[PDB]
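Sequence order for the protein chains is A, L and H. Numbering-wise (the deposited numbering), the first sequence opens with residue 319 and increments by one. Sequence positions in the second sequence follow the deposited numbering and run 1 to 95, 95A to 95B, 96 to 212. Sequence positions in the third sequence follow the deposited numbering and run 1 to 52, 52A, 53 to 82, 82A to 82C, 83 to 100, 100A to 100F, 101 to 124, 135 to 213. All C-beta atoms, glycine included, are put in the ideal place defined by N, C-alpha and C. So the structure is just underneath, and the comments pick up after that.
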Amino acid sequence: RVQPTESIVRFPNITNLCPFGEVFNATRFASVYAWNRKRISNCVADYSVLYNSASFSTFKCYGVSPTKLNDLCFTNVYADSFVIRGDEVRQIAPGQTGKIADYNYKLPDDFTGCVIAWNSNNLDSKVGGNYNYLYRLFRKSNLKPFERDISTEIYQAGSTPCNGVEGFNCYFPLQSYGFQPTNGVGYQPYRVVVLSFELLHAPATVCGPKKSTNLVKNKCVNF
Amino acid sequence: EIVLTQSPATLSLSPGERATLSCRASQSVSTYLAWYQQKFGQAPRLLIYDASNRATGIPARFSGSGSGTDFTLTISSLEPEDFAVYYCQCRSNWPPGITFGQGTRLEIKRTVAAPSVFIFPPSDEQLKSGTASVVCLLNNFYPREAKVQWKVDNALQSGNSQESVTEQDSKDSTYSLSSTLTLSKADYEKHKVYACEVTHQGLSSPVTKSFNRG
Amino acid sequence: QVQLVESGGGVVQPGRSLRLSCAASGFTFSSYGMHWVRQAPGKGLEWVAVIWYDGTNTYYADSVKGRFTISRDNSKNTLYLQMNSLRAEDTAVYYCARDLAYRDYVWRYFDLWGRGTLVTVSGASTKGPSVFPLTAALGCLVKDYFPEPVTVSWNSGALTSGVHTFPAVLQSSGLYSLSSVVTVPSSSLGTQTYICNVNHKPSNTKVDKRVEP
Ligand SMILES: *[C@@H]1O[C@H](CO)[C@@H](O[C@@H]2O[C@H](CO)[C@@H](O[C@@H]3O[C@H](CO[C@H]4O[C@H](CO)[C@@H](O)[C@H](O)[C@@H]4O[C@@H]4O[C@H](CO)[C@@H](O)[C@H](O)[C@H]4NC(C)=O)[C@@H](O)[C@H](O[C@H]4O[C@H](CO)[C@@H](O)[C@H](O)[C@@H]4O[C@@H]4O[C@H](CO)[C@@H](O)[C@H](O)[C@H]4NC(C)=O)[C@@H]3O)[C@H](O)[C@H]2NC(C)=O)[C@H](O)[C@H]1NC(C)=O
Ligand SMILES: *[C@@H]1O[C@H](CO)[C@@H](O[C@@H]2O[C@H](CO)[C@@H](O[C@@H]3O[C@H](CO)[C@@H](O)[C@H](O)[C@@H]3O)[C@H](O)[C@H]2NC(C)=O)[C@H](O)[C@H]1NC(C)=O
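Dropping the structure here:
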């Protein structure tokens, strides 16, 4: 009836890779305050293309070994797109302080997700700087996790409110990055994304790859 | 696959001067190439990563630049900790891996000094063991490139003798070379005149050292 | 104390296996990635293997794809590296290396290197050197010895200037050889007696002979 071990088998074969190029390889990202975000679902999330692409720069992921992730399947993948100052890259992490952590982006703590970033200087710049990216300097308090504010409402350092028109101390919220094709490494434009893996008590998940194996026939009872 | 292309093949210069090496990568890598400095026998140590970041333990005299497929390192003032070999390395996706370069050796200028050629006839001691060996020695020459040919009845023997060169000694900044031919005893008896020819930039004409015994 | 020290250098026949180890110290082992880079004699550096800081996924060069095993056990803070199906080219100075980046997956730079351990492969058995004979210069040529190292001296090191000791090379017989020479003034030729004292520690074959024309 039964037979020696080796006859077990896997792979109810499927395929259909999904839009991770369409977020990593976008021709243009939005800035920090206007950080882009998008739902990804009903696909196999192949990260074995993500790791081994040797064109990323400061690639880490918390809370789970990604290689072990590839079996563990989550849903509601939602991933980001924005760009940061060269130095500031490390500061996008759980429970970290700084300037982005307060006024432009706060990562939820105990976050088990990924932060993937990189250097991009070859395209996100031009002679004199590509002034298409801005960041916030003021806000009344800290930010919640994963929320946005785009607004012309301004801080009032003094007592008298600034009635919309910038003045000596209005401090109009948005200021732009000055990127140069010659500036230092710490000041390069680091084009970055972030994924979060939120399965918010949500049936009908959508799972990922499990690479292969090659059949051997005419051996019974084991599957 | 990225295969690193290093120029110039070697550098020779006096200390205190400006040494600029180039590493042109095969295809674009943005900002990711790193420099490794290995003295002879020592442990290689990183100098530059990200192609302009001066890694820790690196005095400020070390500078590098470039991105895409142009990458070059500059040194303002060489002092003896830096006369070494040097490599450029970076990383790859298909198949995932890492490619080093070929290496770039550094040499000291001094007064070009021609060789003293010597030839050492085989000893009967080796004949007691049935093998014959002969060494032709070249002493105190510069630059590294040089050439040695055996003549036994004018026959040039190649692929039968191993030549080794010592690394540049500290004192006179010179080199030494020596090549040992290994020969079956039968090939020892078959002739009686054995000679070695030297051809080098320091020599106006080829220099022959020879003997007649067997 | 921030160092790596390798371990396991040796000689083995082709087709058999050896496993090395690298000891780490002065830093958090389980937060950085580790690499193995091998430096074949007389050649440049060739990356062999890597391991992520949690060792959950690993990469191997093509020349060792499916033949070597990289693994880290943080219990002893020791990195390892196994070998299987070794062939002649594998002779090298295996430098265990440390990743540059802290808790990053990129694994692109080697920021700190172990001293490098010799590893050699051949069918030859250990055998002591045969030191053989031969202004004006002279010395003794050292022949048919295996493995390294051999330390040469003139008159038990009495003289060191104008002395050349040459790199060992591998000949097809499966052994090594080198030679050692020194220049002396022509007038000194008959005046002063020269004895070449040579040590080969692994076989402790201490043989010393005079050079006389
Ligand atoms: C953002 O944009 C980036 C650039 O646009 C992009 O990077 C690119 O990512 C793709 C991902 O698919 C990657 O393509 C892979 O290429 C593998 C190797 O082939 C390349 O690359 C090597 C070295 O780089 C070259 O030697 C090859 O020739 C080829 O490059 C070029 O080829 C063209 C056409 O022949 C030439 O004109 C060019 O000259 C040449 N370049 C050079 C420099 O000479 C390839 O093996 C991968 O597919 C295989 O993957 C597995 C092995 O890794 C196999 O198991 C699998 O089966 C695949 O095999 C076959 O692939 C065929 C591809 O055409 C399919 O048709 C077959 O169907 C398939 N087999 C089966 C059974 O189905 C893979 O295609 C690029 O190399 C990479 N390039 C760069 C510069 O980065 C990023 O990915 C983008 N982002 C994101 C998130 O994706
Ligand atoms: C299972 O995975 C395979 C991998 O691509 C999917 O592709 C196709 O599989 C079919 C199986 O019938 C192959 O059909 C035939 O293959 C022979 C030999 O290769 C070929 O000569 C014939 O012309 C015919 O195509 C097909 O080749 C193969 N695709 C390609 C491009 O070769 C398959 O769809 C997956 N199955 C399921 C149920 O998802």
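Using beta carbons (cut-off 8 Å, strictly below), is residue i in contact with chain H?
| i | result |
| --- | --- |
| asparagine 210 of chain L | no |
| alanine 34 of chain L | yes |
| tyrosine 421 of chain A | no |
| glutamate 123 of chain L | yes |
| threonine 376 of chain A | yes |
| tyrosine 369 of chain A | yes |
Drop a sphere of 10 angstroms on the beta-carbon of residue i, count the other beta-carbons inside from all chains shown, and report buried for 16 or more, exposed for fewer.
| i | result |
| --- | --- |
| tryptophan 94 of chain L | exposed |
| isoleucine 332 of chain A | exposed |
| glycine 482 of chain A | exposed |
| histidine 164 of chain H | buried |
| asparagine 440 of chain A | exposed |
| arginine 16 of chain H | exposed |
| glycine 95B of chain L | buried |
| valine 3 of chain L | exposed |
| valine 445 of chain A | exposed |
| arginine 319 of chain A | exposed |
| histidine 198 of chain L | buried |
| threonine 151 of chain H | exposed |
| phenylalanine 329 of chain A | exposed |
| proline 141 of chain L | exposed |
| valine 191 of chain L | exposed |
| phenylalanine 71 of chain L | buried |
Just checking: is the beta-carbon of residue i within a distance shorter than 8 Å of some beta-carbon in chain A?
| i | result |
| --- | --- |
| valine 100B of chain H | yes |
| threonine 68 of chain H | no |
| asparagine 137 of chain L | no |
| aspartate 70 of chain L | no |
| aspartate 170 of chain L | no |
| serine 63 of chain L | no |
| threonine 55 of chain H | yes |
Step through the CB atoms of chain L and report whether any lies within less than 8 Å of the CB of residue i.
| i | result |
| --- | --- |
| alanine 475 of chain A | no |
| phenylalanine 166 of chain H | yes |
| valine 169 of chain H | yes |
| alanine 435 of chain A | no |
| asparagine 343 of chain A | no |
| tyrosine 58 of chain H | yes |
So the candidates are the options; which of them puts its Cα closest to the Cα of residue i?
| i | options | result |
| --- | --- | --- |
| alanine 19 of chain L | L:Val85, L:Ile2, L:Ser67 and L:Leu4 | L:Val85 |
| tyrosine 380 of chain A | H:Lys209, H:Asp100 and H:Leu82C | H:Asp100 |
| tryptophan 52 of chain H | H:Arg210, H:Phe146, H:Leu45 and H:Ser31 | H:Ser31 |
| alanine 93 of chain H | H:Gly190, H:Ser187 and H:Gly33 | H:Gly33 |
| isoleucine 69 of chain H | H:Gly42, H:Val37 and H:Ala137 | H:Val37 |
| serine 459 of chain A | A:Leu492, A:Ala435, A:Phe486 and A:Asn422 | A:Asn422 |
| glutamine 160 of chain L | L:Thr180, L:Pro80 and L:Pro113 | L:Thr180 |
| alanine 193 of chain L | L:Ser177, L:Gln199 and L:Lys183 | L:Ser177 |
| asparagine 487 of chain A | A:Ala475, A:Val395 and A:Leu533 | A:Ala475 |
| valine 341 of chain A | A:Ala435, A:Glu324 and A:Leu461 | A:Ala435 |
| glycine 16 of chain L | L:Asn210, L:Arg54, L:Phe98 and L:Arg61 | L:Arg61 |
| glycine 139 of chain H | H:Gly118, H:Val109, H:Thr160 and H:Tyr91 | H:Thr160 |
| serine 62 of chain H | H:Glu46, H:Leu189 and H:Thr55 | H:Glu46 |
| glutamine 506 of chain A | A:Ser373, A:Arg355 and A:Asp405 | A:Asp405 |
| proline 80 of chain L | L:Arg91, L:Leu104 and L:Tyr140 | L:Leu104 |
| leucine 18 of chain H | H:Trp100C, H:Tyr90 and H:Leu96 | H:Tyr90 |
| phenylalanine 98 of chain L | L:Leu73, L:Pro204 and L:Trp35 | L:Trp35 |
Counting only the same chain and skipping the five closest in sequence on each side, list residues whose C-beta sits under 7 Å from that of residue i.
| i | result |
| --- | --- |
| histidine 189 of chain L | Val150, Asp151 and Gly212 |
| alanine 344 of chain A | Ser399 |
| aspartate 428 of chain A | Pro412 |
| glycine 54 of chain H | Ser70 and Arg71 |
| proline 185 of chain H | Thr135 |
Within a Cβ cutoff of 8 Å, which residues of the same chain sit near residue i, ignoring the five residues on either side of it in sequence?
| i | result |
| --- | --- |
| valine 111 of chain H | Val11, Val12, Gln13, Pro14, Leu82C, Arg83, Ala84, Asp86 and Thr87 |
| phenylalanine 541 of chain A | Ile326 and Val327 |
With a threshold of 6 Å on Cβ separation, who are the neighbours of residue i within its own chain once the five nearest residues in sequence on each side are excluded?
| i | result |
| --- | --- |
| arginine 66 of chain H | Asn82A and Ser82B |
| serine 25 of chain H | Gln1 and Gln3 |
| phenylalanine 456 of chain A | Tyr473, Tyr489 and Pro491 |
| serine 179 of chain H | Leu141 and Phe166 |
* **Uninterrupted beta strand (DSSP E) stretches inside the stretch 356-408 of chain A (no shorter than 3 residues)** => Qualifying beta strand (DSSP E) stretches, in chain order: 397-402.
* Could I get the ranges of all uninterrupted alpha helix (DSSP H) runs contained in the stretch 139-194 of chain H, with 4 residues as the minimum, in chain order? => With a minimum length of 4 residues, the unbroken runs of alpha helix (DSSP H) contained wholly in the stretch 139-194 of chain H fall at 188-191.
* Which runs of the beta strand (DSSP E) spanning at least 3 residues fall entirely within the stretch 429-489 of chain A, listed in chain order? -> For the stretch 429-489 of chain A, whole beta strand (DSSP E) runs of length 3 or above, ordered along the chain, are 431-437 and 452-454.
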